[PDB]
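# Observations on the three-dimensional arrangement
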Amino acid sequence: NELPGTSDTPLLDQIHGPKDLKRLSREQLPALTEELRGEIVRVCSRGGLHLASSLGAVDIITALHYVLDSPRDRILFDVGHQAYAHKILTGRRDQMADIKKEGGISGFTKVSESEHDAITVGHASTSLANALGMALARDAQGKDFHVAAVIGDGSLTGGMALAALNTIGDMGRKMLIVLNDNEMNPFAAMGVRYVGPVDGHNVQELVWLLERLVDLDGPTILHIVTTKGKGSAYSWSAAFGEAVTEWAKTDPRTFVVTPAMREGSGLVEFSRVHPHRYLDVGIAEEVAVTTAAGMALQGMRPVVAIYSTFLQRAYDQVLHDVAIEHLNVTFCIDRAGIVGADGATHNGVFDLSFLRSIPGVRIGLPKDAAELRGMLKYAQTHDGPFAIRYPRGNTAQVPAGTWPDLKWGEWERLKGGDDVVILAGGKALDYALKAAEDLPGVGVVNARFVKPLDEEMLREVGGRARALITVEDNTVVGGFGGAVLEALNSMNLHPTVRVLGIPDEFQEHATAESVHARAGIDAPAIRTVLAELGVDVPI
Amino acid sequence: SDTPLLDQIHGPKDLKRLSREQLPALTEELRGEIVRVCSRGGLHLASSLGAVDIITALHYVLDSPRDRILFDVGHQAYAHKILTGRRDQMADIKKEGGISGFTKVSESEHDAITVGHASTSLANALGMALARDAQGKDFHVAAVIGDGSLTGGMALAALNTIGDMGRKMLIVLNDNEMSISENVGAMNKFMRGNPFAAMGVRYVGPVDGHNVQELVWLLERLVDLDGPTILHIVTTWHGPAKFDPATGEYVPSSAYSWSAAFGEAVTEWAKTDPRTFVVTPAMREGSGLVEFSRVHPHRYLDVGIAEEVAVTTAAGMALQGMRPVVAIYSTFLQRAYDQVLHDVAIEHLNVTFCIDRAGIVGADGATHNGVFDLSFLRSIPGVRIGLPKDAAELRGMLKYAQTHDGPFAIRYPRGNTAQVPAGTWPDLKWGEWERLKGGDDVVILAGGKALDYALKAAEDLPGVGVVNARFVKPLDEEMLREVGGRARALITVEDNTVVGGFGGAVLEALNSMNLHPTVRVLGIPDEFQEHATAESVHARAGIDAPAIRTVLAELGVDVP
Ligand SMILES: Cc1ncc(C[n+]2csc(CCOP(=O)(O)OP(=O)(O)O)c2C)c(N)n1
Ligand SMILES: Cc1ncc(C[n+]2csc(CCOP(=O)(O)OP(=O)(O)O)c2C)c(N)n1
Ligand SMILES: [Ca+2]
Ligand SMILES: [Ca+2]
Ligand SMILES: [Ca+2]
Ligand SMILES: [Ca+2]
Ligand SMILES: [Ca+2]
Ligand SMILES: [Ca+2]
Ligand SMILES: [Mg+2]
Ligand SMILES: [Mg+2]
Ligand SMILES: [Mg+2]
Ligand SMILES: [Mg+2]
Ligand SMILES: [Mg+2]
């Protein structure tokens, strides 16, 4: 029990779980609220994080955990970036300094981290459907516990949230939805008792109101209003932002669509220079891709700027709405491969697998900003869809007016050697060049095209090499290694091949470097495979 | 002639020569035309008959193809094709080399979008409106969307974006689920709890969707107005062999659809497993769940046409200790890719996917061919994939999936399989293949529909082995190693794309074992397959028994 001061927390020191929180009287909850605010700011500041959303949520989370009995009652957080107060109140206060770090805890709720985490989230708008499943399962088991979902105003505009709300209406089952609105319809929300708006920062009035709502029949939306945040490095994103901004100046058919990730995708400058050629469709990736398809049908050259992990939401839209009529949609896919800190919900290691199987979708991996420019120019000037994927990370700035002629599907040899040849693009290529550096028999090819592959160069290298190594910042299942084995098979070439990539296992929050070392795709791990294939490494 | 007005109409220009007072007679001609020419090929006419009046009205008022008319799904657009120069092609609808059952951009300048999957019209319409405004043009964009499609995730999300952008366009909501009075009453209840004004959309109606003259007068007022507008309209044998309409030839009378085999299995299973719960995205009859829904009413959930909701709802049930089954077509499962990966697979949840219409479905074409699931499911960590040869293996796989940890997918085609007795619950080790025919010269690896081709192809060829590759994830590593070491050549056959499918799984597995047999990967090529019979598509793809026999002959097997 330390002295009163600027950063004492007498109440939190006694709270190890929600049961300890219930020992407080309602009148004490405003003081806890301020302790939680102080705790979040003083620990979760460095690295930015989703501090602003968690701060906005402190009072509704305190009230929910005071009124409800987690883990018997299920509190579901949409996305989960707003649940830092939830983790402090559920035995993880001492782990907040390590949030998103290897050996720490997730930046989102994760079922396997705590019995208090009802869903594993990261992708937005899943809380309502999960909530429905838990309510239906509860009713089937004759149990009586409460299901409460906390969803932001942004998340509630997602297709699967609105579709789920409609169903929650039709089903008429007991559940509470807290709409957490920090910005201040009849086809989605019929059958749903609406309550509010109400002050989202009044922890006593929220405890009062929840004790009323929690026991009512059928589904309730509680509309709360919250204040957001109450209390050398040249990125691939920037390289893209600069290339497309430059491109649009001399292509009036170019239109850039983002699903509400303008700053992430590096389109701040693009939004200000070309406001007439910029569309933020909101959070819905499915709307972004089908809208781009409508634009391409009317003679435009749309570019969808989207994270690899988020493009998963639009798989059927790419296949059905773009690929069937071979439409002019270019996909500039950021956060390609392991993103690291954000963990298994955000690691973009599936795009080379799910896009490859779609007829007519070309796939490029640029090694640098000049190749990115070459691919974007090709994509925007040739028929049908193209995907260009690049990681979170940096690359050399490139001079204005850099627009090389790149023949799509052509690989390039970057290092001499015929005994063993490493085939790799993007981040994997930099690993390959490093791994090969002192080995004269070890060739390196920039496999900068996954679809189509360079069949001629693969035939030449496949016919002479004692062994090939494939390296990809993607799952080894049906990805770049699979494409290479399928192309070798159809040529009836049978060289030794080592397929290096992410294993068929979800990768938890850590640095990309850690995931890459344990996956065995980094330069040291490639150097180990070369030795295993009988390459004489220098002493 | 029974159709004197229609006889002079070869396009929307001809339609506009009629006085409004002649339009009612024209809608009666169009209804009689659709019944006269499309009463076969198991075509459902209800949707297209219900839409005759609005489609006549839209073509009379708008200027197609300058004005863009977008049909959601496209199954309601028969009158559209009749009014846009395709009257004499309607006899060949869904037939190989005939017109599509849906609108298709390549078929006609009057078909604004290629559709089949629901709920895509609004986002496509937004795109066309935004391109129109960028180009300084002023043509009309109209989307026609059913009440069912409108409650789809991408439709509800699109309408939010449409409201925010405030761009000029007309959404026609074709509601055949509720009357005008039922709709008004529901809306009165809700806003007592304009509501569309905050969303940024003008709501007009509901009005009578069968009054072609009143629809014309109302549209003429709406097409001028700024911003997005919703017009809510309201519309109305005991012998040993039997002919199967679906497959277009004779089958044993003991043969029923895979759908019926699944419905019978899950209905029986749920009697002794109280944790089993079936979830369908509004395909009760298609997935064979009529009987299930009647016998187990409190273990049956229809979520409407929201595949993403069906999968994530099942995840919630699994997290609460239940054993949910998602009954879903392969093609519609594509909508739930992220939900399978993110909501089911990351925490390895107890969701069983029973996937109907797996492989080529035929008549419904490129938008419906379930030819990608062995590729897209396989790259998801922890998702097991089984291909049952018969109703017994389907039961063994469903029992395995419902009693073991994590997600399982069971995929089966449109088509028939032998009826099997109640209480058929074999014990099957997930991941174990079965040798069905001896031979070590050339071995065919195949599951499900491909397996039937393989066994037919290998008849009276003594050196040709056949393995039931009834598991795609995991593969049978032990049996593939043995066959891959001993066989001169392998043939893989899959009712799936050759890209990243079963053939790919086999080549990945052989590579990690450092085995180098000759392998012929047979399957659907990396190209969309247009409407035709499955048998026609399979013959041209090279996966039927004669195509397999030709590959065996090329590999130097003695084939009669
Ligand atoms: C499928 C998906 N697409 C995009 C994102 C990126 N994203 C993370 S937070 C968020 C939600 C928008 O804000 P809101 O739900 O209102 O939450 P707030 O931060 O305002 O509390 C978005 C777009 C995501 N998590 N999931
Ligand atoms: C994405 C998708 N999921 C499922 C289906 C299957 N399906 C075909 S039409 C339909 C019903 C659509 O209802 P509505 O739009 O009201 O049209 P109506 O049946 O009344 O003509 C369904 C579920 C589909 N076509 N697309
Ligand atoms: Ca689609
Ligand atoms: Ca193009
Ligand atoms: Ca290069
Ligand atoms: Ca050689
Ligand atoms: Ca309709
Ligand atoms: Ca299971
Ligand atoms: Mg103090
Ligand atoms: Mg918000
Ligand atoms: Mg893991
Ligand atoms: Mg309907
Ligand atoms: Mg084709």
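Residues numbered from 1 in each chain as written, not as in the entry; some residues may be left out. Chains lettered and ligands numbered in written order. Heavy atoms only, no water. Residues with missing side-chain atoms left out of burial classes, pairs and counts.

Its PDB record attributes the structure to X-ray crystallography, giving the resolution as 2.099 Å.

### Some remarks on the overall build of chain B
Tallying secondary structure elements over chain B gives 22 helices and 21 strands in all. Scaling as 2.2 N^0.38, a compact globule of 560 residues should have a C-alpha radius of gyration of about 24 Å, and chain B matches this with 26 Å. Once the C-alpha set of chain B is aligned to its principal axes, its extents read approximately 75 × 55 × 55 Å. (Helix = DSSP H or I, 4+ residues; strand = E, 2+ residues; numbered from the N terminus. Rg over C-alpha atoms; globule rule 2.2 N^0.38 Å.)

### Comments concerning the coordination of the magnesium ion (ligand 10)
Residue and element names in this part refer to chain A. Bound to the magnesium ion (ligand 10) on the protein side are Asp-153 (OD) and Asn-182 (OD1), at distances that span 2.4 to 2.5 Å. Of the two residues, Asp-153 sits in helix 7 (residues 153-156) while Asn-182 sits in the loop between strand 3 (175-181) and strand 4 (193-199), which places them 29 residues apart along the sequence. Note on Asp-153: relative accessible area 19%, which makes it buried. (Donors = N, O, S within 2.8 Å, 3.2 Å for Na, K, Ca; no water. Buried < 20%, exposed > 50% of the residue type's maximum accessible area, 1.4 Å probe, protein only.)

### Quick look at the UniProt feature "binding site: Mg(2+)" in chain A
Residue and element names in this part refer to chain A. Under the present numbering, the feature "binding site: Mg(2+)" in UniProt falls on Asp-153 and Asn-182. Spanning 30 residues, the named residues nonetheless gather at one spot, since no C-alpha pair among them exceeds 7.3 Å. Other than its neighbours up to four places away in sequence, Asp-153 contacts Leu-179, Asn-180, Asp-181, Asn-182 and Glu-183. Under the relative-accessibility criterion, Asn-182 is labelled partly exposed at 26%. Residues contacting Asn-182, with those up to four places away along its chain left out, are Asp-153, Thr-226 and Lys-228. (UniProt positions renumbered as here; feature names shortened; annotations may be inferred. Contact = heavy atoms within 4.5 Å.)

### Considerations on the pairing of strand 7 (residues 249-252) of chain B
Direction of pairing for strand 6 (residues 241-244) of chain B relative to strand 7 of chain B: antiparallel, over a ladder of 4 bridges. From the neighbouring strand, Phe-243 of chain B faces strand 7 of chain B, where its bridge partner is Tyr-250 of chain B. (Pairing = 2+ DSSP bridges.)

### Focus: the site of ligand 2
Residue and element names in this part refer to chain B. Taken together, 16 residues lie around ligand 2, and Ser-47, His-75, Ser-149, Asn-176 and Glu-307 are the ones closest in. Within the side chain of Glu-307, one N or O atom sits 2.5 Å away from a nitrogen atom of ligand 2. Calculation on ligand 2 without its partners gives an accessible area of 590 Å², and the protein chains cover 83% of this total. Each residue belonging to the shell around ligand 2 can be placed in one class, and the counts come to 5 nonpolar, 8 polar and 3 charged. (Near = heavy atom within 4 Å. Polar contact = N/O pair within 3.5 Å; in protein donor to acceptor, adjacent residues only side chain to side chain. Areas by Shrake-Rupley, 256 points an atom, 1.4 Å probe, with all protein chains shown as cover. Nonpolar A, V, L, I, M, F, W, Y, C, P; charged D, E, K, R; others polar.)

### A look at the interface of chain B and chain A
Listed as interface residues are 98 residues of chain B and, on the opposing side, 93 residues of chain A. Carbon and sulfur atoms make up 65% of the area that chain B and chain A hide from each other, which totals about 7,600 Å². Of all residues in chain B, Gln-320, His-342 and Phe-528 of chain B bury the most surface against chain A, accounting for 9% of the area lost on that side. Applying the counting criterion to the chain B and chain A interface returns 6 salt bridges. We note a salt bridge from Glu-325 of chain A to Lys-104 of chain B, for which the minimum N-O separation is 2.8 Å. Elements with a contribution of two residues or more to the side of chain B that touches chain A: helix 6 (121-134), helix 8 (153-165), helix 9 (180-192), helix 13 (307-319), helix 15 (337-345), helix 16 (373-376), helix 20 (502-512) and strand 21 (518-524) of chain B. When residues in the side of chain B that touches chain A are grouped by element, the largest group, 9 residues, is from helix 8 of chain B. Residues belonging to the side of chain B that touches chain A are distributed by class as follows: 52 nonpolar, 32 polar and 14 charged. (Buried area = accessible area lost by both parts, 1.4 Å probe. Salt bridge = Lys/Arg side-chain N within 4 Å of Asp/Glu carboxyl O.)

### Brief notes about the domain arrangement of chain B
Residues and elements named next belong to chain B. Each assigned domain of chain B is listed with its residue range as follows: domain 1 (6-234), domain 2 (255-418) and domain 3 (434-554). On a C-alpha basis, the centroid separation for the pair domain 1 and domain 2 is 33 Å. Approximately 900 Å² of surface area, both sides summed, lies buried where domain 1 meets domain 2, with 58% of it carried by carbon and sulfur atoms. On the domain 1 side of the contact with domain 2, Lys-94, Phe-102 and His-117 bury the most area, a combined 55% of that side's loss. (Domains from an automatic or database assignment.)

### Points about the coordination of the magnesium ion (ligand 12)
In an ideal tetrahedron of four donors about a metal, each angle is 109.5 degrees. In an ideal octahedron of six donors, the angles are 90 or 180 degrees. Residues and elements named next belong to chain B. Protein coordination at the magnesium ion (ligand 12): the donors are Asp-147 (OD) and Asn-176 (OD1), at 2.3 to 2.4 Å from the metal. Placement of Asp-147 in helix 7 (residues 147-150) and of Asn-176 in the loop between strand 3 (169-175) and helix 9 is noted, with a sequence separation of 29 residues between them. On the accessibility criterion, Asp-147 (18% relative accessible area) is buried. For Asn-176, a relative accessible area of 39% translates into the label partly exposed.

### Remarks on empty space enclosed by the protein
Computed from the structure, the largest cavity encloses a volume of approximately 170 Å³. For the largest cavity, the lining is made up of 14 residues, of which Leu-485 and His-494 of chain A together with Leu-507, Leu-515 and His-516 of chain B are closest to its centre. Of the residues belonging to the lining of the largest cavity, the class tally is 10 nonpolar, 4 polar and no charged. (1 Å grid on protein atoms, 1.4 Å probe; cavity = no way out; pocket = protein on both sides within 12 Å on 5 of 7 lines; lining within 4 Å. Points joined across faces, edges and corners; volume = space filled by probe spheres on them.)

### Digging into unusual backbone geometry
Following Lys-451 of chain A, the chain continues into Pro-452 of chain A via a peptide bond in cis, with omega recorded as -10 degrees. In this chain, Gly-205 of chain B is followed by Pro-206 of chain B through a cis amide linkage whose omega measures 0 degrees. Positionally, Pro-206 of chain B belongs in strand 4 (residues 202-208). Even without being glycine, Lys-94 of chain B reaches a positive phi, approximately 75 degrees. At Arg-357 of chain B, a residue that is not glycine, the phi angle is positive and equals roughly 55 degrees.

### Let's talk about helix 4 (residues 52-61) of chain B
Helix 4 of chain B sits mainly inside the fold: 10 of its 10 residues count as buried. Looking only at helix 4 of chain B, the buried set comprises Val-52, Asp-53, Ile-54, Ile-55, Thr-56, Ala-57, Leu-58, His-59, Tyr-60 and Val-61 of chain B.

### So, the sheet that holds strand 2 (residues 141-146) of chain B
All names here are of chain B. Taken together, 5 strands build an open sheet; the order of strands is 1-2-3-5-4 and the sheet is parallel. Both outer strands of the open sheet, strand 1 (68-71) and strand 4, are each paired with one neighbouring strand and no more. Averaged over all neighbouring strand pairs, the angle between strand axes comes to 20 degrees, with direction disregarded. With 4 bridges connecting them, strand 1 and strand 2 associate as parallel partners. Within strand 2, the residue paired with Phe-71 across the bridge is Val-144. Against the sheet, helix 6 contacts strand 1, strand 2 and strand 3, and its axis sits at roughly 175 degrees relative to strand 2. Against the sheet, helix 9 makes contact with strand 3, strand 4 and strand 5 (228-234), and its axis sits at roughly 150 degrees relative to strand 4, the strand it touches most. (Axes fitted to C-alpha atoms, helices over the stretch in contact; angles between N-to-C directions.)

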